[PDB]
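Peer 1: Quick one, structure for this:
(2 chains, ligands or ions: 5)
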Protein chains: 2
Amino acid sequence: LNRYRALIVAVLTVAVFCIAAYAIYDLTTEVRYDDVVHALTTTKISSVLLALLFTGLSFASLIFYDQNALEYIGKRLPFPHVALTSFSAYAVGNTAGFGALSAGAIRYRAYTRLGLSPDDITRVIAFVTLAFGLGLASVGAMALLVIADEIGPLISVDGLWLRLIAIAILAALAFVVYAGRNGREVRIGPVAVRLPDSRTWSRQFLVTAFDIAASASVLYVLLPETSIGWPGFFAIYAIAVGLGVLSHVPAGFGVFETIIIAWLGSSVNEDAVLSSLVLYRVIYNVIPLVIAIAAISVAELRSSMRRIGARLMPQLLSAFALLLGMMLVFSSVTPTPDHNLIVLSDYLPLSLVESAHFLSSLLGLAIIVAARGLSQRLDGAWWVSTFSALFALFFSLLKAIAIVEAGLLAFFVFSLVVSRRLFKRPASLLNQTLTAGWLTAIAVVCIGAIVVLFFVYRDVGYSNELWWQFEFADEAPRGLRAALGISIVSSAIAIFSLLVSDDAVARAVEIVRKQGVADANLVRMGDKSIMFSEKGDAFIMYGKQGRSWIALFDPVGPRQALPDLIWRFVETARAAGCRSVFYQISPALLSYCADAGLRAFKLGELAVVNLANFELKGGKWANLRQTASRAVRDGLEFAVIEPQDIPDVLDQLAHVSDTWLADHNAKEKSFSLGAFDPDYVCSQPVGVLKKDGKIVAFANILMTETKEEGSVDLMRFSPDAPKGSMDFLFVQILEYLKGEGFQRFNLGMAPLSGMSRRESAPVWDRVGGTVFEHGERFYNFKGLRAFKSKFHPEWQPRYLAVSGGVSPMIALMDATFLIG
Amino acid sequence: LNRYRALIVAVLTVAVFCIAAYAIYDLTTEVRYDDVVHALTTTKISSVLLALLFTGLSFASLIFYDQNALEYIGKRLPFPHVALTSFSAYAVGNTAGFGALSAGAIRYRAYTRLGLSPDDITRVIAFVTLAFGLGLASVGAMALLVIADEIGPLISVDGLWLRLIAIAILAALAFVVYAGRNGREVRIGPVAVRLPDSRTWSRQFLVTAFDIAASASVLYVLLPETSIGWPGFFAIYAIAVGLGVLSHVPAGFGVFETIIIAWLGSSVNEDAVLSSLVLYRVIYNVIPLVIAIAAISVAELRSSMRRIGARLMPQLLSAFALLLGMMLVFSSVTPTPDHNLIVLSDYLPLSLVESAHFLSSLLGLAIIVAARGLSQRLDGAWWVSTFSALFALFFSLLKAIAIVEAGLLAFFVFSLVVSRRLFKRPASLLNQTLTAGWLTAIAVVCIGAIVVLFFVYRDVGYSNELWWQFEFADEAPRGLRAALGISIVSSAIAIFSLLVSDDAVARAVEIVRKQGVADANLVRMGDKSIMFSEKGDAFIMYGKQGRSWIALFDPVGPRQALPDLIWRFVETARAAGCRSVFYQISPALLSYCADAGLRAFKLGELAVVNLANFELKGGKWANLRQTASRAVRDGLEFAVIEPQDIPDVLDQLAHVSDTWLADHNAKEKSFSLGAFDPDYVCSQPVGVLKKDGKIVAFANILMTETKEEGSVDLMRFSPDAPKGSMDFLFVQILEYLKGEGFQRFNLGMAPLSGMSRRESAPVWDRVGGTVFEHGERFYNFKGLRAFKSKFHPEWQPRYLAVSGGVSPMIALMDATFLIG
Ligand SMILES: CCCCCCCCCCCCCCCC(=O)OC[C@H](COP(=O)(O)OC[C@@H](O)COC(=O)[C@@H](N)CCCCN)OC(=O)CCCCCCCCCCCCCCC
Ligand SMILES: CCCCCCCCCCCCCCCC(=O)OC[C@H](COP(=O)(O)OC[C@@H](O)COC(=O)[C@@H](N)CCCCN)OC(=O)CCCCCCCCCCCCCCC
Ligand SMILES: CCCCCCCCCCCCCCCC(=O)OC[C@H](COP(=O)(O)OC[C@@H](O)COC(=O)[C@@H](N)CCCCN)OC(=O)CCCCCCCCCCCCCCC
Ligand SMILES: CCCCCCCCCCCCCCCCCC(=O)O[C@@H](COC(=O)CCCCCCCCCCCCCCC)COP(=O)(O)OC[C@H](O)CO
Ligand SMILES: CCCCCCCCCCCCCCCCCC(=O)O[C@@H](COC(=O)CCCCCCCCCCCCCCC)COP(=O)(O)OC[C@H](O)CO
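Peer 2: Residues are numbered from 1 along each chain as shown, chains lettered A, B, ... in the order given. Ligands and ions are numbered 1, 2, ... in the order given. Next up is the structure itself:
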C-alpha cells in the first residue's frame, strides 16, 4: 500500500474534487455567470470591509494557535517572530496544504531559523494540527447539536439525525479526553494521542472556536442577508471546512464550496452564494498571502523580521504563484465584459487579442508549474515565473482591462524582483518528478477550469464551429480554446512527470583523513555511492533504496563547503526523481537541511566521550575499573594492529567475526554498521583483544589525521570471551585513542531513553514507535544504552532528514532495508 | 450610607421585585390561571426528563466551578467532598442568596470543615463568584452579539442596539483582561481585580458557559416548541439570569421571570411561558435541594460524606424550609381543582376545610420564619419547623389532595427528624432582629403571593362580600383570606423585628491566671463587658460598638468550654439585635466560629518567640546582641517591678507614658492596646528600663500562673532614651520571662507582609486594603514588622470573625472605632 501511497492519495483527492465539481455543476443549473457577476458587483462595501476585519481576527487567532503551542512545549519566542511564522504558515496552509507548502513545512523552516529543536518543532506542529482538527470537530459538533432542527430542514434531513451525529462525535471526544486525563496515552489503533492538560486545551479551544467563528463570519457577512442566523451558517461552515480539510484538496477548493452551495441552495439564491464564495476565497485566501508577501517585501526594501521573512519568502511566493496561475487560468475561461471587449477592439488587432488570451491561459499554467521551483529557490524558476508574470500582466492588460488581475500580477513581479537574492539554486524545473501534491494542484486547477467553462457556457451549446470563431462576438471560442490548451498542456506535464569506483573511494578517504569525523571512514566499505563537491573538497556518501537516495552521515569535508553540498545532493536526488534522505545527521547541519526543504526527525543519540577529561583512575569510572581489572585477571590482552600487517591476523579475525555472528541471531548489516569485507577491515587499524595467544575480540578503530575524533565501527566477540570483553575492549581502545592525541571518542549510537520520549508530540501516530523500533533493531549491536552510559558520555542527538515533506515512515523503512 | 446599608439594599431589592411583579401582572393580562394549569398538565414527560438531565449537567459544571477554584489556589481536596460542598452551595445559592444561605456561607462552612484557611476560602469564593459573574457577562455578550437581529425584533428593538451593548460589554471585558495580563492588579475604583492566567480562566469559561447552557436548556426544553432557536433563548436566558442575580432578589424569582415573560411574549403564548417558568423553578431549584437533602439524610441513615453533610444540613434545611413555606403560601393563594374540592366536601366539614386552608397559609409563613432558626441550629426552631411541617402536611391533605405538596412536606419532616441531633442550640426564634435578607425573603414571598392572588382572580372582581363566602363554591374567598392573613402576619413579623463591675473582672482575672494566654490580661482594663460561661469556667471579654458586639481575643478558659461559649456569645449578640464580632482569634477556634456562622478574615500575624529555643548567646540574634550591648554601654538598666510596690514608681511611669504619647502624634487607644489606667498598670508587674537612676522605658508584663505564655501590652519611651531602647527592653523582658519558666513570649501583632498579600483573592475589592490600613494604624505602636522579625518569631495568623454574613468592612470599622 505504502509503495504507492502518494499516488493513491493524489488520485483519491482528485476523484473527490471531481465529485465536488460535478456536485456544484449539478446544483447550479439555474445559475448563470451573469447573475454571479451581478451579485459580485452589487455586494456592499460594508460587507467587504467587515469580511476583511474578520479575516484579520481569524489570523490573529491563528497566531495564538502557534503561541499556545510554544507555551505548551515550554519554549519562549518573541511575539513578532511567532506572529510572522504563524501568519505565513496559515496563509499558505489555508491555500496550498500539500507537501512543500503545508503549514507544517512553513513552521519547520521558520522555527528551525528561530532556534527550535526538531522534536520541539514536531511537538508544535502536532499540537497545532490536533488543536485545529479536534477543536473544529468539537465546535462543529456543539453547533450542530444546537441547531440541528434549524439547519436540518435546509437539506431535508430530520434534526434528530444531525443531533445524533453531533452527539456521537461529542461522545467520542469526551471518551478520548476522559481516557487521557493525566498523560495516559490513549491509542486508537495506529495513532497514540496524549491530550494536554485541561487548562491548555481549554485555552486552545477558545482560540480555535474564535478562529472558526471569525472565518465563518467572513463568509456570512459576504452572504446576502439570508434567513438562517449566524449559528446556522456557522455550523454549516464548520461542517464544510471539516470536509474540505478532510478531502485533502488544496484549500478545500472543491469540497467546501460544494457543501455550502448544496446546503444554502434553498435559503439563498445560488448565484449569490457563488458570488459570496468567490469573494470569500479572494479575501480569506489571497488577502493574507498578499499581506504577508507585501510585509516581507517592504521589510526587505527598508530587523529580524527581515531574516525570518527571507527564510519564508520562497514558500509564500510559491503559494502566491499557485493562486496567481489559478487566477489566470480561471480568467482565461471566464468571459470578459462586453464593454472591455469593444474597448480593446477599438485599439487592438483581433489575432493579437486571441493570442493574448490563449497565452495568458498557458502562462497561468506555466506559473503554477514554476511555483514548485520557486518553493525550491531555483534560479531558473525565478526567471520563468518572473517573465511569465510580466507577460501575463501585459496579456491581461491586452486581452481585457483586468485591473485587479494586472495589479496582482504586478505585485507578484514586485515581490519576485525584491526577493531576487533568495533564488540562486541552479537546478532545473523540467528535470523533476513534480509531486503527488503538485500534480494534485495542477489537476484541481484544470478540472475547476473545465467545470467553470461548462458552467459559464452551459446555455450555449457545444458547436464544432465554436473552435474557429474569432471575431470578438463572444469569448466562448476563446474560453473553449483556452480550456483545451490547459487540458493538453497539463496532460503533457503529468506525462512528463511520470516519465561506485575505486578512485572515488580513494578521494573520499583523502577527504576523510583531512577532516575530523571518524565515522566518515564507513566510506571504505565501497557500498556507498559517493557524491563529491564542485571543488572536490567535500563529499556525500549515500546509497539508493526504493524511491529515496538515503544519504549517510553529514557531508564530509570543510565546514563551509557543506551547505552547498547538501543543496546539491537534494537537487540531484530530485533530478533522478527520488526523495533525498539524510541518515544520522548532527544538529549542526539542521539549519542547512531545513533550508533545503528537509525536515529532521530524531532517531537516536550518539554517545561521545571527551578523552581530555577521561582519566580511568578517577571516581567517574568505578564500574569500568572493576570490569577492566577483572578482564585482566581473566587473561585478556589488548593490542593495536596497524592496517598494513593485518591479514595474518585477519584470518582468525574472520573466524571470530563469524563466531560472534553465529552467537547472536543477526545477519551482516551494511551502509551504516560494520560489514566484514577483508579489504575494508584491512584498510584500517584494528584494536584486537588477545587472550592466551589467540584473539577473542577485535574492533575496527576509525581514525582521522586531524585527530579531532576517533571511533569504532564493528566489534565481535567469540563465546570464549568473558562477559566483560565488551567493557575491556572499549576501555582499552578509548585509552589508546586518548593517548594517541584524540579529543573525543564515539561510542556509537543508542536508542532514545524513555524519559526523552516522555516529552513527545500530542498526536504523533507511528513516527515515535517506528523510530524506537529502528533504534532497537540497529543500535544495540555495540552495547545497550546503559552500557554506553557507564562511560558517562556526552549524548549528542542524531537526526533523520527527509525531503519533500514525505512521511518519516517510508524514509525510515527504506533506511532499515538499506542497512539490512 | 453604610450606617443603613443592609436596610437600603433590602428596600431596593424589594422595590425591584415589586417592579418585576407589576411587570409580570401587566404582561399576563390575557393569561388565566386555568390556561397555566392546562399548559402544566400537557407538558411532555420527555421534556421533564430532559430538563432533569440538564439540571444534573448544570450542577456537575458547578462542581467543576469549585474544583477549578481549588486547583487555582493550589489546594487539593478529594472529589466527593468538593462535589458535595459545591452541590450544596449552589443548590442553596440558586434558591436563597442572602446572608446565611449564600453560596459563600455554605462554602466557608464546608471548606473550614474540610481544612482550608480562611484566606484560601476567601480566594475560592472570590474565584467562583468572579468566574460566574464575568463568564456570564462574557457568554451573554457573545450570544447577544451573535443573535441581536434574531431576538431584537421580539422586543421591538433594532438588532444594532443589542449588538452595540454586547460589543461595549465585550470591549470592557477585553480591556480588563488585557490590562491584567500577568498579575498587574487593575483597579476600577473600589474594586481591585487580578484575573487568573489565561489557561485557568479559559477552562473556567468553558465550565461557566456549559453551566449557563445547561440551565438555559432546562428552561428551553420545558418551553413548548417556540419559533426562536436555542441560541435565541440562550441569550435571553443569560440576560434574564444576569438581571436576576444583579437584582439581589432570592433566586431572581421576580426579575428572571419578568425578563423571560416580557421577552417571549410575542413568540410563545404567555400561559405556556408561565407554565414553563413554574416547572423550571420547580426542577432547577427544588430538585437539587431535594437531592442534596435526601443524599445527606440517607448517609445519616446508613463515610466522610456523613460528616460534611452534617455540617451542611442546617443551611440546606433552612433553604428547603424557605422554599417549602413559599410553596405553602402560594398553594394557599392558588385555587384547588374543583374535583378535589368536591372530593373533600364529600368527607370533610366546611369550617374544618376553611380553617385548614388559612392555617396552611399561616404555617407556610411560620416555616419560612423558622427557616432562619434552622440555619442557626436552634432547637426551638427545629421543634417549630417540624410541627409546622407536620400540621401543614395534614392541612394540605385536608384542604386539598395536594399529593406533591404532601410528599414534599413529608420529605422535609423525614429529613428534619433524621437530622435532629444537629439542632440543639437553646436560643429563641422570636428574640432576634431577623435579617435584611430574611425580611427581603419574607417580603418577596408575600408580594409574590399578593400578585398571584391578583392574577388568579383577576377576572373575578373584588367584592366586599367575597370576605365572608364559605360554601366551597370558589376559593377566591379562601385565597383572599389567606392573602390577608399572610400580609398581616408578615407585617407583624417585620414590625417585631424592627422593634461591667468589679467582681466580674475579679473572676475574669482568676480564670486568666488559671489558664495559659497572657493577652487575656487585657480584661483588667475594665472597659470590656465580660460574658461568663455557664459553669463560670470561661469568659468572653467584649465591647459593644455600633451594631456589633466586638468580642476581644479567644474565649479565655478551659479548652473544651470554649465552643459553647462562642455559640452563646453569638446567640446573645443576636438576642440584643447585634452582629457578634470576634477580634484577633487564633486559628484553633476557626472551626468553632465557622459552626456558629462566623466567617474569619485574616487581619495580621501574632509574633511568638519560643523561649525554650531562645539563647541570646547564639547566632540567630546577632543584631539583638549588638543592640543590647550598645544599650548597656548607653547606661540603660532593666528591673522588674512587682505589682504591689509600683505606685512610687508609677508616678514617673505616668510621666514617661505621657512623654511618649506626646512624642508620637497618637491618642490613647483602648479595648485592644495599652491604656494608662493607674489601677490597671498597678495590677500587673511592669518591666521597667532605668537609666541614671531615672526610668526612661517601661512595659506592662502580662503573665499567667500556668506559665504557658507571657506577653507585653504597652510600652513607652521618653525622648531621653536612645534608639535601641525598644530592642533592649524587649530582649530583657524576653530573657526574664524565659528564666522565670515561660515557654513562649508574645511580641504582639504585626501587619501582613507584602508577600503574604500577593496570594490574594481574584476579586476582593476593599477587604484587603482596609485590613492593611487597620494593621498599619494599630499594630505599629510596638515596633514594625521588621523589628519583630529581628527576634525570628513564629508568626501566628490572627483572624477577625464576623457574624451573619455581614461585610468585613463594617465590623472592621466598628473595631477600629472601639480601639480609638
Ligand atoms: C465528523 C468528524 C468525525 C470523524 C470523521 C473522520 C475522522 C478521520 C480523521 C482524519 C484525521 C486527519 C485527516 C487529514 C487531516 C489533515 O491532513 O490536516 C490536519 C488538520 C489541520 O490542518 P492544518 O493545521 O495544516 O491547517 C488547518 C487549516 O489551515 C485548513 O483549513 C482550511 O483549509 C481553511 N481554508 C479553513 C479553516 C478556517 C480557520 N481559520 O486537522 C484535521 O485533522 C482536520 C479534521 C477535521 C474533522 C472534521 C470536522 C467536522 C466538523 C464537525 C461537524 C460534523 C458533522 C458531520 C456531518 C457530515
Ligand atoms: C469545483 C471547482 C469549480 C469552481 C467552484 C468554486 C466556486 C467559487 C470559488 C472561488 C472561485 C473564484 C476564482 C475566480 C478568479 C478569477 O477568475 O479572476 C477574475 C477576477 C477579476 O479578474 P479581472 O481583472 O479580469 O476582471 C475585470 C475586473 O477587474 C474589472 O471590472 C470592474 O472592476 C468593474 N468596474 C466592471 C464590472 C463589469 C460587470 N460585467 O479576479 C478576482 O476575483 C480577484 C483576484 C483573486 C483571484 C484568485 C482566485 C483564487 C482563489 C482560490 C483559492 C483556492 C485555492 C486552490 C488551489 C488549488
Ligand atoms: C450587562 C452587565 C455589564 C455591567 C452591568 C452592571 C455592572 C454591576 C456589577 C455588579 C457586581 C456584582 C453585583 C452583585 C452580584 C452578586 O451579589 O453575586 C455575584 C454573582 C455570583 O453569585 P453566586 O456565585 O453566589 O451564585 C451564582 C448563582 O447561584 C446565581 O444565579 C442564579 O440565581 C440561578 N438561579 C441561575 C444561574 C444558572 C447557572 N447554573 O456574580 C455576579 O456578579 C453576577 C454579575 C452578572 C452580570 C450581568 C450579566 C449580563 C448578561 C450579559 C448580557 C448583557 C445584555 C444586557 C441587556 C440589558
Ligand atoms: C490540543 C487541543 C485539544 C482541544 C480539545 C477540545 C475538546 C473540547 C470538547 C470536549 C471536552 C470534553 C470534556 C468532558 C469532561 C471529561 C472529564 C475531564 O476532562 O476532567 C478534566 C477536567 O475537566 C474540565 O475541567 C472540563 C472543562 C470544560 C467543560 C466542558 C466544556 C465544553 C465546551 C462547552 C461550551 C459551551 C458554550 C455554549 C455557549 C456559547 C481533568 O482535567 P486535568 O486533571 O487533566 O487538568 C489538569 C490541569 O489542567 C493542570 O493544570
Ligand atoms: C476568573 C474567570 C474569568 C473568566 C473571564 C472570561 C472572559 C472571556 C472573554 C474575554 C476574553 C478576552 C481575550 C482577549 C485577548 C486579550 C489579550 C490576552 O488575554 O492575552 C493573553 C492570552 O490570550 C488568549 O490566549 C486568549 C484565548 C481566548 C481567545 C478569545 C476567545 C473568546 C471566546 C470565543 C468563543 C467563541 C465560540 C464560538 C463558537 C461557539 C495573555 O495570557 P497570559 O500570558 O496571561 O497567560 C498565562 C498562561 O495562562 C500561563 O500558563
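
Peer 1: show me the contacts for residue A:603.
Peer 2: A:584, A:752, A:771, A:774, A:775, A:798, A:799, A:800, A:812 (Cβ atoms under 8 Å, 6 or more residues apart in numbering or on different chains). In this view, the C-beta of every residue, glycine as well, is placed from N, C-alpha and C.

Peer 1: That one falls within a helix, correct?
Peer 2: No. Counting by DSSP: H, G, I helix; E, B strand; the rest coil, residue A:603 falls outside a helix, being strand.

Peer 1: picking that back up, would you mind giving the contacts of residue A:603 as CSV with distance to residue A:287 and secondary structure added?
Peer 2: Output for those, formatted as CSV (distance: Cβ to Cβ, whole Å; DSSP: H, G, I helix; E, B strand; the rest coil):
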residue, distance to residue A:287, secondary structure
A:584, 44, strand
A:752, 43, coil
A:771, 40, helix
A:774, 44, helix
A:775, 46, helix
A:798, 43, strand
A:799, 37, strand
A:800, 38, strand
A:812, 40, helix
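
Peer 1: so which of these comes closest to residue B:707?
Peer 2: residue A:752 (65.8 Å; Cβ to Cβ).

Peer 1: Contact partners for that closest one?
Peer 2: Here residue A:752 is in contact with A:602, A:603, A:604, A:605, A:771, A:772, A:775 (Cβ under 8 Å, 6+ apart).

Peer 1: and what of residue A:451?
Peer 2: A:21, A:22, A:24, A:25 are the contacts of residue A:451 under Cβ under 8 Å, 6+ apart.

Peer 1: 6 Å instead, please
Peer 2: Residues near residue A:451 by Cβ atoms under 6 Å, 6 or more residues apart in numbering or on different chains: A:21, A:25.

Peer 1: Outside of stretch A:176-196 itself, list whatever touches it.
Peer 2: Contacts of stretch A:176-196 (Cβ under 6 Å, 6+ apart): A:72, A:762, A:763, A:765, A:766.

Peer 1: Excluding sequence neighbours, find me the nearest residue to the third one.
Peer 2: For residue A:763, the nearest residue in space outside its immediate sequence neighbours is residue A:130; the separation is 3.9 Å by Cβ to Cβ, 6 or more residues apart in numbering or on different chains.

Peer 1: what packs against the helix or strand that contains the one you found?
Peer 2: Here residue A:130 sits within helix A:118-151, counting by DSSP states H and E. With contacts taken as 3 or more Cβ pairs under 6 Å, 6 or more residues apart in numbering or on different chains; DSSP states H and E, helix A:118-151 sits against helix A:45-73, helix A:103-114, helix A:159-179, helix A:198-222, helix A:230-246.

Peer 1: how far off helix B:230-246 does it point, in degrees?
Peer 2: Per axes from the mean of the first three to the mean of the last three Cα atoms, to 10 degrees, the angle that helix A:118-151 makes with helix B:230-246 is 100 degrees.

Peer 1: Now the strand or helix carrying residue A:511: buried residues?
Peer 2: Here residue A:511, judged by DSSP H and E, is contained in helix A:503-514. By neighbour count with 16 or more other Cβ atoms under 10 Å in any protein chain shown, helix A:503-514 contains the buried residues A:504, A:505, A:507, A:508, A:509, A:511, A:512.

Peer 1: Please apply the same query to stretch A:767-779.
Peer 2: Using 16+ other Cβ under 10 Å as the test for burial, stretch A:767-779 gives A:767, A:768, A:770, A:771, A:772, A:774, A:775, A:778, A:779.

Peer 1: can I assume residue A:580 sits in a helix?
Peer 2: No. Assessed with three-state DSSP, residue A:580 is strand; it does not lie in a helix.

Peer 1: ok, it - contacts?
Peer 2: By Cβ under 6 Å, 6+ apart, the contact list for residue A:580 reads A:549, A:569, A:570, A:573, A:803.

Peer 1: Kindly state the beta-bridge partners for it.
Peer 2: residue A:549 (DSSP bridges).

Peer 1: go on, residue A:712?
Peer 2: residue A:701.

Peer 1: That one and residue A:264, how far apart?
Peer 2: According to Cβ to Cβ, to the nearest Å, residue A:712 stands 69 Å off from residue A:264.

Peer 1: and what of residue A:796?
Peer 2: 58 Å.

Peer 1: which of these two has more neighbours?
Peer 2: Taking other Cβ atoms under 10 Å in any protein chain shown, residue A:796 and residue A:264 do not tie; residue A:264 has more neighbours (26 against 16).

Peer 1: Go ahead and list the helix or strand containing the nearest residue to the more buried one once chain neighbours are set aside.
Peer 2: Of all residues not flanking residue A:264 in the chain, residue A:273 sits nearest, at 5.2 Å (Cβ to Cβ, 6+ apart). Per DSSP H and E: residue A:273 is located in helix A:270-281.

Peer 1: Which elements pack onto that helix?
Peer 2: So helix A:270-281, by 3+ Cβ pairs under 6 Å, 6+ apart, packs with helix A:33-41, helix A:198-222.

Peer 1: Quick one, which of the ones you listed gets closest to ligand 3.
Peer 2: Ligand 3 lies closest to helix A:198-222 among the helices and strands packed on helix A:270-281, at 17.7 Å (Cβ to the nearest ligand atom).

Peer 1: which residues are in contact with that closest one?
Peer 2: A:47, A:50-51, A:54-55, A:57-58, A:61, A:64-65, A:68, A:72, A:131, A:135, A:139, A:230, A:233-234, A:237-238, A:276, A:279-280, A:284, B:198-199, B:202-203, B:206.

Peer 1: and ligand 5, which of those reach it?
Peer 2: Subset of the contacts of helix A:198-222 in contact with ligand 5: A:64, A:139, B:198, B:199, B:202, counting by Cβ under 6 Å from any ligand atom.

Peer 1: Now do the contacts for residue A:283.
Peer 2: By Cβ under 6 Å, 6+ apart, the neighbours of residue A:283 are A:51, A:55.

Peer 1: measure it to residue B:394 for me?
Peer 2: For residue A:283, the distance to residue B:394 (Cβ to Cβ) stands at 73 Å.

Peer 1: distance of residue A:349 from residue B:507?
Peer 2: Residue A:349 is 123 Å from residue B:507, by Cβ to Cβ.

Peer 1: will you turn the ones next to ligand 5 among the contacts of helix A:198-222 into JSON lines that also has neighbour count?
Peer 2: Converted to JSON lines, those look like this (neighbours: other Cβ atoms under 10 Å in any protein chain shown):
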{"residue": "A:64", "neighbour count": "22"}
{"residue": "A:139", "neighbour count": "22"}
{"residue": "B:198", "neighbour count": "21"}
{"residue": "B:199", "neighbour count": "21"}
{"residue": "B:202", "neighbour count": "22"}
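
Peer 1: ok so, going back, can the contacts of residue A:603 go into JSON lines with extra columns for distance to ligand 2?
Peer 2: Shown next, in JSON lines, are those (distance: Cβ to the nearest ligand atom, whole Å):
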{"residue": "A:584", "distance to ligand 2": "37"}
{"residue": "A:752", "distance to ligand 2": "39"}
{"residue": "A:771", "distance to ligand 2": "33"}
{"residue": "A:774", "distance to ligand 2": "36"}
{"residue": "A:775", "distance to ligand 2": "39"}
{"residue": "A:798", "distance to ligand 2": "38"}
{"residue": "A:799", "distance to ligand 2": "32"}
{"residue": "A:800", "distance to ligand 2": "31"}
{"residue": "A:812", "distance to ligand 2": "30"}
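
Peer 1: of all those, which comes closest to residue B:317?
Peer 2: residue A:752 (60.9 Å).

Peer 1: next one: phi and psi at the closest one?
Peer 2: phi -70, psi 140 (degrees, to the nearest 10).

Peer 1: Kindly report the same for the one 10 residues further on.
Peer 2: For residue A:762, the backbone dihedrals (degrees, to the nearest 10) come out as phi -60, psi -30.

Peer 1: doesn't residue A:130 make contact with it?
Peer 2: Yes. Using Cβ atoms under 6 Å, residue A:762 makes contact with residue A:130 at a distance of 5.1 Å.

Peer 1: Which of these two has more residues huddled nearby?
Peer 2: residue A:762 (26 against 22).
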